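To keep things simple, chains are lettered A, B, C, D and E as they appear, and every chain counts its residues starting from 1.
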Amino acid sequence: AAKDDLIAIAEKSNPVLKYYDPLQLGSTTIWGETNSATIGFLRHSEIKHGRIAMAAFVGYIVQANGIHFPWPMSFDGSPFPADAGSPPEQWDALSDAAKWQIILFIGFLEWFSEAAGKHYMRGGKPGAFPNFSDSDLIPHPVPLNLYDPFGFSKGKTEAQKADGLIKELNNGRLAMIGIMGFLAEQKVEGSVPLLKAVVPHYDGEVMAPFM
Amino acid sequence: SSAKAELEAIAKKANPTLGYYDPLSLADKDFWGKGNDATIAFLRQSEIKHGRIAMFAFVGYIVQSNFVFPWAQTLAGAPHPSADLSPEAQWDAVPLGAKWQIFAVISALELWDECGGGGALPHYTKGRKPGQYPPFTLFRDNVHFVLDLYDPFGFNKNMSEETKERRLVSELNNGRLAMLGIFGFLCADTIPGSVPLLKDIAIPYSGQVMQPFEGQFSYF
Amino acid sequence: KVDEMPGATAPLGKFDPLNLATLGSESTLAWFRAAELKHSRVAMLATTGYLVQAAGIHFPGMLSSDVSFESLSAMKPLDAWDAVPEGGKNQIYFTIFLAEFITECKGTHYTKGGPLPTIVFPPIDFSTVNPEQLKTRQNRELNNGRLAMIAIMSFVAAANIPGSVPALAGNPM
Amino acid sequence: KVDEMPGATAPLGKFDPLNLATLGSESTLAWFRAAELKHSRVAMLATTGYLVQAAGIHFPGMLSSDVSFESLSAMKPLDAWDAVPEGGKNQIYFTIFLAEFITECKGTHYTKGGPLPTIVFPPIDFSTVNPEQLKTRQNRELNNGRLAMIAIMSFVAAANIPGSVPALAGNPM
Amino acid sequence: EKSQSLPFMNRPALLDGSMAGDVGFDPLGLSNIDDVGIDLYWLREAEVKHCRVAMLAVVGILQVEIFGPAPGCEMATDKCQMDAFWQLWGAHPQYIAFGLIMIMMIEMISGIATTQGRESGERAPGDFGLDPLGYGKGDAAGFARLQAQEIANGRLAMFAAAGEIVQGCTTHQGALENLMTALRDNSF
């Protein structure tokens, strides 16, 4: 009933600590939509916040080691700026035409999720990406989809699906803390007492795309 | 007054001569507006917790006065604390990150009494006896084996309800001795000449015995 | 009933010695109610808005084109009011002027039994929470404002009359 | 009423020769009752606060920034009152000034039959204590105050008039 | 029974509640006059015209101050209200007295219509039948809102128009200049 569902799924992620809500934000109606439509918003948010931090975790490591792509990106010839040698500075030193089109790419991917399928505030389920081939609001068909383009997951039964989402939730919750924890070490020395020195300091206000 | 009569019965079984010592009768009402039942079993659990820590600090005090570990404390340098010197200041010689891992362990391990262990046993007012413990059996069947607290290999299975009560009162009166046991050690090691026969003091004081962090972490 | 309502706590209960809640009608008491609610929220932001920056918190960059945040290195926090420029001091009032409207233009005014001043810009729906726990929060909200209404008057009297406040006069402000 | 009142013990019983309990109303007697209750508690703390402050008990450390606890080595306990600084003397009165409020702002004031002045700090729950044995204590509380009201007047008269008190004048104070 | 705007006094008898903006505000009884060729019909035809002229005059002052004059005019100056008016008259007075004769033809005919519109009650006060856009073939409740918004903006514009004229002739500066000056002095 969109409330028994949120309690039951947080229960399956943790026997003890069943349904945790101190600020009591799981009771709002947002803009003014029905409570059931809203709880879908809070869920679809938490997944989307958990998906990037999982992706930014693995991204943060590959930026640090030097598994950079070995060529130049631009037509004129300047290579990938792994010279700056640290993942926030590596995102600093780009061009006036690469930093856009990465956001502009994701800006199509974010957008395509509202249209082209059943919206999460009208039923459905949060974080469910609709396939490109099933919708008509695209001129040319792309070859493969975004999630699981090789079709492994369709052989798995339903009990391994709902159990799979909950493993994504808790890993999504852990990775949001990992990225933030990497942020605080960058801007505050000794912000967390595990990593003594692996980060350069760089007071560069990373929350801004375009300096 | 069932909760009062449970406190009076165990006070007779601890000392039938002196009986019911109540020089403040604060075990018949409310502190936080929550209940006479909510007050007594909070104080019963309190005194139970005070003596369990106390006994664990008498045995811990003697051994640190006696032979203490060799072979290394930390990664780099590894100076072990002192052997003869006062255990109260052997606590101060423990390094920084060693201590914060101890208190973080004490915070979560003790917390498991409060929730009752994922439910299945209520909070200390009702149901459980004061000082009982939800036996880890929510954490242990989902990730790994951490055995159990206070019963690592449990041979404590089969006892009469009459025979447990002799051991229920062994928790109190030994700990009531162990509450004032420590104070005799701990007043002696800061001020000269208050203890009758204990002139085995380490020769300086301790230094703020209510300080977890005397070195390098001080408030302003 | 003055005793049974948000703001009547344990150590005093119904605190009205000079009988001011009886002085008008029920619409009168509702006006004083949301006055103290609003007097609180201004004083809570001014007491806190005083401590911080008296300690040097210091927004990076420029406030305006040439009158950047040097207002914290030297002048007292009671000052740096005329140092803020006029166009900067204007937007502040007008965001407030606008916030006083939705407060007044609700479907039912508050003295007619309507709701008290709600958050103007981000209107997160607040209807849902347990009304037992809601009553404990409105006691917390007003008592912190009661303490802050006294405290902001302490901070003014220390800035005007030195030695007017004992354990607070030895403080650089 | 005069009867069934704590404070009437064995060796005198009803002690009122000049008939002062009859002198007003019931509300008058309730004022004198909690006066003697409060006169007791001030005198019990001042008599006991005279005996120590005279044998050298001596808080370790500093009272204030430069006027540390040398007030016990030499000056009499009737002195060391101007030696305590003004900001130190001030917070004493104001904690008292606060404590006189909850005393007065109960739900029923005691001359209207309400309860006697109770503890401000740490109330717990009180004299739910077996009202037979409650009456024996309020006799014990007042009689010790009766003795202390005389005794603190002895301690003042010894500090002003030497030889005003025989087996007490040979005492360094 | 009682005026909505002056709740301590009786509502005037002819203020029915039918005209837009009617809150019963007429303390001196001016709707009652029926002499010297004027009444509530003439007073309402007066008011709507005062509304309209003042609504155009406020935008006309703010236009040639924020953006300057139209292409073909030059030598822009301090205030746009008087200082430009005598300046243009001296520069090229043809377009300005073209309009004064064109207004004069419109006014002489709208004045006949007001006197003819009261004798036979088939001309609404203010109504010249100018609705080329068709707002009024729509909802009657939505058109009654448009009638009240014309009055409410027109009443506010009368103070603003008479404002900008008089403080233009007093301070000899622009209207947005006067607002920023008053902002400086009462900086508060």
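By our rule, contacts are C-beta pairs under 8 Å (C-beta built on N, C-alpha and C of every residue); 3 or more make two chains touch, one makes a residue touch a chain.
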Steps needed, at minimum, to go from chain C to chain E via contacts: 1
Winner on C-beta contact pairs when A-C is weighed against A-B: A-C
Distance-maximising chain from chain A - centres being C-alpha averages: D
Longest centre-to-centre distance from chain E, chain (CA-based): B
Interchain centroid distance [CA atoms averaged], chain B/chain C, Å: 46
Length of the line joining the C-alpha centres of chain B and chain D, rounded to whole Å: 40
Distance between chain centroids, defined by C-alpha means - chain D, chain E (Å): 82
Chains touching one another, given as label pairs in label order: A-B, A-C, B-D, C-D, C-E
Of chain B, residues touching chain A in the complex: 97, 100, 115, 117-119, 138-139, 142
Complex contact set, residues of chain D against chain C: 86-87, 90-91, 101-102, 105-107, 120
In the complex with chain C, residue positions of chain E that touch it: 183-184, 187-188
Residues of chain C that touch chain A when the two form their complex: 124-130
List of chain B residues in touch with chain D within their complex: 25-26, 28-31, 39
